[PDB]
Amino acid sequence: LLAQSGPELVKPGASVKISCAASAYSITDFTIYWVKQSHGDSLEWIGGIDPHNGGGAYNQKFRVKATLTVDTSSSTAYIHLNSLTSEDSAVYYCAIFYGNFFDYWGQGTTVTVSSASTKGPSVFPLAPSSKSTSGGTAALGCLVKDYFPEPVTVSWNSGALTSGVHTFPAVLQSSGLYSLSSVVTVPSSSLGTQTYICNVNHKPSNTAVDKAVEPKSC
Amino acid sequence: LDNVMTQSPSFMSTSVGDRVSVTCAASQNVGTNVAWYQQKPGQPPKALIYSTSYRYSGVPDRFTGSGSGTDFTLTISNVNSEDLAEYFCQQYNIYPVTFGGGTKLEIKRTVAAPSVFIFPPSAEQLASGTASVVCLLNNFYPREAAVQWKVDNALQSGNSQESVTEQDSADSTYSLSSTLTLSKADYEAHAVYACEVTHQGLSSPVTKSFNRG
C-alpha cells in the first residue's frame, strides 16, 4: 500500500518531508527507493537505502536536494526535500523491491512549489435533464471549479459507482486556478431510484464535499 | 559516464490484436540488468519485466522482453485495449538507475460518433456571481472534434476551454468537455445557449441547446 503522505503545497525556499509506510508488512525489511516524475512523463531515480544490508545510493543530481531516512520503529520511509524551487514541482514515488520480486510502487505524492495560498474548489451539480439524456441513457456530473493546487480526487456514491464515469484532466483557467468536471452515464429510467453523489476531496485545502446531483426542477 | 537510455518511438498506435515492439538503446553496455514498466493513466508505473526477459508474477505472457548489452526490445503480442499505457525501459546495472523517455501506446479503433449533452449553470453557482455552461461529448473516436458555442445565434470565442479524456481502457474511445464561462450578468442577458459539435463520425454537425429557464 506503500501509503504515501498527501499532496503538498510548499513555498519556494521551504522544505517537505514525504513519508511512506508499508501497511501490514515492515517496509524496512526490503530496499526502498524514490523516483521523481515531472509533467506526468519523464522518470528520474533519486536514490535508495536498504536498512539491513547497505548499498544505499544517491543520484548526484539530488545529492544536495534530497535526504533519505528510515524509521524502523514504525516501518516508515522518508524523503526530505530542501531549498525547493519550481523545478521540484512533481509527483514523487516511493518504491520497494526485493531481489527478483515485487517491484512495488506507491500511489505517489504530488508536490507543488508555489508562493500562492491554497484554494479549495466549488462543487456544482451537472444536473441530468431531457437535454442530458440520449435515448435510455442519461448523463450527469459535478463541476469542480477554482482550486489550487492539484490534485483533486472524485468518486461516485463513495466508490460504488465506477462504470461510465469520466473524470477529466484538470485545466488551468486565466485566473491561474484549476477546474475540472466529472461525469457519469446512467440508465435514464434509474434517475428516480438510487441517489447520485459525487465525493470530492481536495487535501491541500482540507475540502471534502458530498454533492447530490438531482434532475432539474422548478 | 552516465547511462542514458534512448527509447523509441515516442508514440505508437496499434490495433487490438496486433504485435507491437518498443526499442531501447543504452549509451553504454548494461549487461542484462534491464527492466520494463507500464504506466496506465492515473496509476503508478507497474513493473512488468526484470533481467531483460523475466516477467513478474501476474504479468501476461503476451509481454516479452529481449536483448543484451546495449539493445533491448519490449514485444507486446495480441495487443489488447487494456494495454493502452506509457511504457518505460530501465537500467539498474550501474548507479544511478536510469529510465528511458517512455513510449506512449495508443489504440486504434473504428470511428465512433460522440453522444452530446449540454448542462446549464447550476442555480447554486449563479448565486456566486459566475455561470459555467458545460457541453459533454461522450465516447467518440477519433480524438479530433470541433465544439462551437453559440449564444442567441452569436458565435462565441475566447470564453471556453476543452478537456479531453485519455483513451478508455475497455472501448478505447475519448470523452470531451467544453466549458463556456460567462459572468452572471452576461448569462442573464441571453436566452439560447448551444454547443455545435463537428466530428468524423457525424455526417452533419450535431447541435445541443437549451433556453435559460
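Residues numbered from 1 in each chain as written, not as in the entry; some residues may be left out. Chains lettered and ligands numbered in written order. Heavy atoms only, no water.

J.: Describe in detail the overall build of chain A, supporting the description with residues and values.
T.: Looking only at helices and strands, chain A has zero helices and 20 strands in total. Its C-alpha atoms give chain A principal-axis dimensions of roughly 65 × 40 × 30 Å. The buried share among the 218 residues of chain A stands at 45%. Counted over contacts in chain A with a minimum sequence separation of 6, partners at least 24 positions apart contribute 58%. (Helix = DSSP H or I, 4+ residues; strand = E, 2+ residues; numbered from the N terminus. Buried < 20%, exposed > 50% of the residue type's maximum accessible area, 1.4 Å probe, protein only. Contact = heavy atoms within 4.5 Å.)

J.: I'd like to hear about the overall build of chain B, residue by residue, with values.
T.: If you tally the helices and strands in chain B, you get two helices and 19 strands. A globule of 213 residues ought to have a C-alpha radius of gyration of about 17 Å, yet chain B, at 23 Å, is considerably larger. Overall, chain B is about 70 × 35 × 30 Å in size when its C-alpha atoms are taken along their principal axes. Relative to its full complement of 213 residues, chain B shows a buried share of 46%. A sequence separation of at least 24 residues applies to 59% of the contacts in chain B between residues at least 6 apart. Summed over its atoms, the accessible surface of chain B is roughly 9500 Å², and 47% of this surface lies on carbon and sulfur atoms. Put simply, chain B has 13 plus and 18 minus side-chain charges, and the middle of one group is 4 Å from the middle of the other. (Rg over C-alpha atoms; globule rule 2.2 N^0.38 Å. Areas by Shrake-Rupley, 256 points an atom, 1.4 Å probe, with all protein chains shown as cover. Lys, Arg positive; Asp, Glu negative; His and termini not counted. Charge placed at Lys NZ, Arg CZ, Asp CG, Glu CD.)

J.: Tell me about the domain arrangement of chain A, residues and numbers included.
T.: Residue and element names in this part refer to chain A. As far as domains go, chain A holds domain 1 (1-115) and domain 2 (116-216). Between the C-alpha centres of domain 1 and domain 2 the distance comes to 31 Å. Counting residues at the interface gives seven residues for domain 1, matched by nine residues for domain 2. Taken over both partners, the interface formed by domain 1 and domain 2 buries close to 630 Å², and the fraction arising from carbon and sulfur atoms is 66%. Among the residues of domain 1 in contact with domain 2, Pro7, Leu9 and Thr112 are the three that bury the most area, contributing 65% of the side total. Connecting domain 1 to domain 2 are zero salt bridges. (Domains from an automatic or database assignment. Buried area = accessible area lost by both parts, 1.4 Å probe. Salt bridge = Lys/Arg side-chain N within 4 Å of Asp/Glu carboxyl O.)

J.: Quick one: what's the story with the state of the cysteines, residue by residue and with numbers?
T.: Residues and elements named next belong to chain B. Scanning the entire structure with this criterion turns up four disulfides over all chains. Here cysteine 24 is linked by a disulfide to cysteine 89, with a sulfur-sulfur distance of 2.0 Å. Taking the torsion about the sulfur-sulfur bond, which here is approximately 60°, the covalent link between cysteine 24 and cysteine 89 counts as right-handed. With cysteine 24 in strand β3 (residues 20-26) and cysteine 89 in strand β9 (residues 85-91), this residue pair connects regions lying 65 residues apart in the sequence. Residue classification places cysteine 89 among the buried residues on the basis of a relative accessible area of 0%. Disulfide pairing is shown between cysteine 135 and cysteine 195; the S-S distance is 2.0 Å. As the torsion about the S-S bond is roughly 55°, the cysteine 135-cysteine 195 disulfide counts as right-handed. With a gap of 60 residues between them, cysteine 135 in strand β13 (residues 130-140) and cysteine 195 in strand β18 (residues 192-198) connect regions that are remote in the sequence. Each of the two residues, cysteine 135 as well as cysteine 195, counts as buried. (Disulfide = S-S within 2.5 Å.)

J.: Requested: an account of the interface of chain B and chain A, with residues and values cited.
T.: Interfaces are frequently sized by the accessible area removed from exposure as the parts join. Contact residues are listed per partner, giving 40 residues for chain B and 42 residues for chain A. The junction of chain B with chain A conceals about 3400 Å² of combined surface from both sides, 62% of it contributed by carbon and sulfur atoms. When the buried area of chain B at its contact with chain A is split by residue, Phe99(B), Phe117(B) and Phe119(B) rank highest and sum to 17% of it. Inspection of the chain B/chain A interface yields one salt bridge. With a shortest N-O distance of 3.8 Å, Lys211(A) and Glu124(B) are connected by a salt bridge. Counting the contacts that link chain B with chain A gives eleven residue pairs in polar contact. Taken together, the elements giving at least two residues each to the side of chain B that touches chain A come down to β4 (34-39), β5 (46-50), β12 (115-119), α1 (123-126), β13, β16 (160-164), β17 (174-183) and β19 (206-211) of chain B. Tallied by class, the residues present in the side of chain B that touches chain A amount to 20 nonpolar, 16 polar and four charged. (Polar contact = N/O pair within 3.5 Å; in protein donor to acceptor, adjacent residues only side chain to side chain. Nonpolar A, V, L, I, M, F, W, Y, C, P; charged D, E, K, R; others polar.)

J.: Give a detailed account of a nonpolar patch on the surface, specifying residues and quantitative values.
T.: Residues and elements named next belong to chain A. On the surface, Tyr98, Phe101, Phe102 and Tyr104 cluster together to form a nonpolar patch covering roughly 440 Å² of accessible area. Per-element accounting of the nonpolar patch gives the leading share, three residues, to strand β10 (residues 101-105). Within the secondary structure, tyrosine 104 is located in strand β10. (Patch = residues over 30% accessible without salt bridge, like charges linked within 9 Å, V, L, I, M, F, W, Y side chains within 5 Å.)

J.: Lay out the domain arrangement of chain B with the relevant residues and their values.
T.: All names here are of chain B. Under the domain assignment, chain B is made up of domain 1 (2-109) and domain 2 (110-213). In this assembly, nine residues from domain 1 lie in contact with twelve residues from domain 2. Seen at the junction of domain 1 and domain 2, the total is six residue pairs in polar contact. For the side of domain 1 that touches domain 2, the class distribution of residues is three nonpolar, one polar and five charged.

J.: If you had to explain the pattern of salt bridges to someone new, which residues and values would you point to?
T.: In total, this model carries nine salt bridges over all chains according to the counting rule given. Its salt-bridge partner being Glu188(B), residue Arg212(B) comes within 3.2 Å of it at the nearest N-O pair. Highlighted residues: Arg212(B) in the segment after β19 and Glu188(B) in helix α2 (residues 184-189), separated in sequence by 24 residues. Taking the relative accessible area as the measure of exposure, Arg212(B) reaches 32% and is therefore partly exposed. Put simply, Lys36(A), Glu44(A) and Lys61(A) are held in one network by salt bridges that share partners.

J.: Any chance you could break down the packing of aromatic side chains for me, citing the residues and the numbers?
T.: Following the criterion strictly, the structure yields 17 aromatic pairs over all chains and no others. Taking the centre distance of 6.1 Å and the plane angle of 65° together, the rings of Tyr37(B) and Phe99(B) count as edge-to-face. Placement of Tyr37(B) in strand β4 and of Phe99(B) in strand β10 (residues 98-99) is noted, with a sequence separation of 62 residues between them. By relative accessible area, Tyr37(B) is classed as buried at 2%. Both rings, one in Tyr50(B) and one in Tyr54(B), keep their centres 5.4 Å apart while their planes meet at 45°; by these two values the pair is tilted. Residue class for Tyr50(B) comes out buried when judged on its relative accessible area of 11%. What links up through ring pairs into an aromatic cluster is the set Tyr33(A), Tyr93(A), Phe97(A), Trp105(A), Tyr37(B) and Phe99(B). (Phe/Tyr/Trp six-rings, centres within 6.5 Å; stacked < 30°, edge-to-face > 60°.)

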